[PDB]
């Protein structure tokens, strides 16, 4: 069973969705196909050019509370980093190879940025993450600045826009798309339905 997951490391609601998705991966062996994309580009593409929720103090004050409520439900910390400059770490995702290492990268980076509040553009973050994953620090840093890396990020962001993705976190199962950590319960219902039909419990 395959779910396509679209996220940007600047997004705290993506941090929450990733935590929940990863527990489904580990608990039930669901296969996640990860896609790091540029939320700014995706918004611009659909004409969503007003002020961002981050720039609207009254609404942001409420979202911080919403985010703590979910973090408490999930039993994880949530700490805002100093900025939302996620480009480097987004691009870095494309260094990862197979599923296990792709998932490990996404988990380590999200935990660093939104679990601990580490700035996503911290100059030493690539080395810190490399040490964690058993990667070659210099190879990784060289990849992050390479033309090929940016091309790959641009390609995936474009493929997302073609798929009618307008925000993050976004999840697809078959032809159904859900946007929001707060729609994973619908994803889970769909997954249960397919598990039942495949077990011959339902037609």
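Numbering follows the first chain given and starts at 1.
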query	finding
Selected stretch [higher average CA B-factor]: 37 to 45 or 22 to 30	22 to 30
Per the entry, higher mean C-alpha B factor between 62 to 70 and 145 to 153	145 to 153
Which of 98, 78, 128, 109 ranks first by CA B-factor in the deposited coordinates	98
Deposited CA B-factor, highest of 10, 16, 195, 187	195
Relative C-alpha B-factor of residue 177, binned into the chain's lowest, middle or highest third	lowest
CA B-factor ranking of residue 160, expressed as a third of its chain	middle
Record-listed C-alpha B factor of residue 139: chain third	middle
Modelled-residue ranking by C-alpha temperature factor, third containing residue 88	middle
Third assignment of residue 102 from its chain's C-alpha B-factors	highest
